[PDB]
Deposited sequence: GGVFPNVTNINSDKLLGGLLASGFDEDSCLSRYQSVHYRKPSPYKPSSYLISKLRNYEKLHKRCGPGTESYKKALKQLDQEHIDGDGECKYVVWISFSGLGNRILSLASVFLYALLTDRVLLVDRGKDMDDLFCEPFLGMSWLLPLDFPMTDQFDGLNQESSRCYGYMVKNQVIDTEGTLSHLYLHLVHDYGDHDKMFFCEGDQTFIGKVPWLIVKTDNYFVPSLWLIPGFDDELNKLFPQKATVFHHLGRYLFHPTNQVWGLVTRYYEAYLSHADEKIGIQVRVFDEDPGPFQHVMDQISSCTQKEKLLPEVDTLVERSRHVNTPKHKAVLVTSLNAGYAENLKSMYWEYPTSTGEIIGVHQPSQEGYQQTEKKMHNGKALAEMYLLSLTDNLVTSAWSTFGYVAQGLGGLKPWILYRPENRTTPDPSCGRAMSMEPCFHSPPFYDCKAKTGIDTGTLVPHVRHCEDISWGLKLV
């Protein structure tokens, strides 16, 4: 089923984006079926996008509100291309959900590479913000003190509204965080143009806004499927990225009975590679029976496992590779350890290819705090084993634990009760919104 259970629309040109419908020759079918209401919601999104999108007569009329109000036919939310690729992917998926919940059209700031990495997701009509949008060269300078920043208008009690800037970056404050309150969403609902900048996956705090909560439950009744569905919908790699994927997979990974992904990210100043991290990896994989122990004893048909290791430093894959070369397995399993080329013969090209290759594995080990890992697990429908974040170059004990769900984590959530107007722990409100495994103050859907 190339349409992923109805998540994807038919009718796209096959050759101009091979990944779109070929992803099925490489992936097991997801066990999570998109709800019929999410399927309607996306097919209706496409209708709206086609009516209101870039370059249409409607879009051109709405652009004049920026020089005025207005009272128009089409409203928008523009995603600003900000931060690293994994932050971008998650944040964009979040802004897309927000569009869905508010009957807005999503426009994407293409930044330096978005059109080079991704195909168009909306049948008929591009998702890219036009390059001559007049506010574009203000995007980097938009901040908490910008006149039309929502938080600035809140704290100053500004009275007038064609557009608003929503500062949702990790450094945001109390006023900016009022985005996550119902009364503020009523106000913001009236503004035809929203401009968002964020480096977080802010999905889970949408679930705690009245009104959004009812709609979200209809769309995603199993709760922890938001990124799995919206990520698969939105993001299809371009043919040159997908070539990197298919060629790697077919050469190195395709013969194995089971594929293990290991996504290594080490948040440290010094270059590496670190023994305590090597030790963490071997212990994790071996205590969870993802990879077999080796032994030095002198003294029944063999599975073949392929281990895909992604990392900035090649030492982690080398260490594992060498271990399984130099010693027999205690189980008799055949282990091959593989890592993609570090040196080129599209920096982001290879990075995206690697996230996709991880998503094609059977069991995935991720690194704590890594949005790169979140993207991979989400696209693959993998509930990972998470390598906990080390402190002071000491192997954590336990080394890893299974995640609660495949969802990504919101790293910098608000902690505010909008009704009582005071701080609250927003990870103890509803059972499906919990604190993350890897980052104790973050939130995730479970």
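Trainee: What are the unmodelled segments when the structure is compared with the full deposited sequence, in sequence order?
Mentor: No C-alpha for residues 1 to 12, 81 to 83, 176 to 179, 319 to 323, 370 to 375.
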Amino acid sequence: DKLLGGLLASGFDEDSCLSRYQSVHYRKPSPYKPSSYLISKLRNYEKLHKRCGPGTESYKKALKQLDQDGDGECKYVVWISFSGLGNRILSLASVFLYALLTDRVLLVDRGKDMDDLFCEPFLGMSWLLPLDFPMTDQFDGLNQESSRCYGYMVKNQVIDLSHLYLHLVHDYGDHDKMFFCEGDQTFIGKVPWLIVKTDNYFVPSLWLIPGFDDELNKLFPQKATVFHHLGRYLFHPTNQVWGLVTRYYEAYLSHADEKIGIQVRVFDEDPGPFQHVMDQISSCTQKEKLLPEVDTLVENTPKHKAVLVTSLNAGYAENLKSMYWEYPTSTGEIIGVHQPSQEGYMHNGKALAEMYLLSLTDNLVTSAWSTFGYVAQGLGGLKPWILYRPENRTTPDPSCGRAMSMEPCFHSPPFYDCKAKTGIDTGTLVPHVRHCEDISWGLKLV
From here on, numbers count along this sequence of modelled residues.
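Trainee: Should residue 298 be counted as unmodelled in at least a third of the other PDB entries compared?
Mentor: In at least a third of the comparable entries (those modelling both sides of it), residue 298 has no coordinates.
Trainee: How about residue 69: is it missing in a third or more of the other compared entries?
Mentor: Across the other compared entries, residue 69 is absent from at least a third.
Trainee: Report the stretch with the higher mean CA temperature factor, choosing between 172 to 180 and 135 to 143 on the basis of the entry.
Mentor: Per the deposited B-factors, the answer is 135 to 143.
Trainee: Compare the mean C-alpha B-factor of 210 to 218 with that of 366 to 374 as given in the PDB entry, and name the stretch with the higher value.
Mentor: According to the PDB entry, the answer is 210 to 218.
Trainee: Check the PDB entry and point out which of 205, 348, 246, 185 has the largest C-alpha temperature factor.
Mentor: Going by the entry's C-alpha B-factors, 348 comes out highest.
Trainee: In the PDB entry, which of 71, 109, 120, 354 has its C-alpha at the highest B-factor?
Mentor: Answer for 71, 109, 120, 354: 71, with the highest C-alpha B-factor.
Trainee: Looking at the entry's B-factor column for C-alpha atoms only, identify whether residue 419 ranks in the lowest, middle or highest third of its chain.
Mentor: As the PDB entry reports it, the C-alpha B-factor of residue 419 lands in the highest third of its chain.
Trainee: Looking at the C-alpha B-factor of residue 387, is it in the lowest, middle or highest third of its chain?
Mentor: For residue 387, the deposited C-alpha B-factor lands in the middle third.
Trainee: Tell me, lowest, middle or highest third: where does the Cα B factor of residue 322 rank within its chain?
Mentor: Middle third by C-alpha B-factor.
Trainee: In terms of the CA temperature factor given in the entry, to which third of its chain does residue 290 belong: lowest, middle or highest?
Mentor: Tercile = highest for this residue's CA B-factor.
Trainee: Lowest, middle or highest third: where is residue 38 by C-alpha B factor in its chain?
Mentor: Within its chain, residue 38 is a lowest-third residue by C-alpha B-factor, going by the deposited values.
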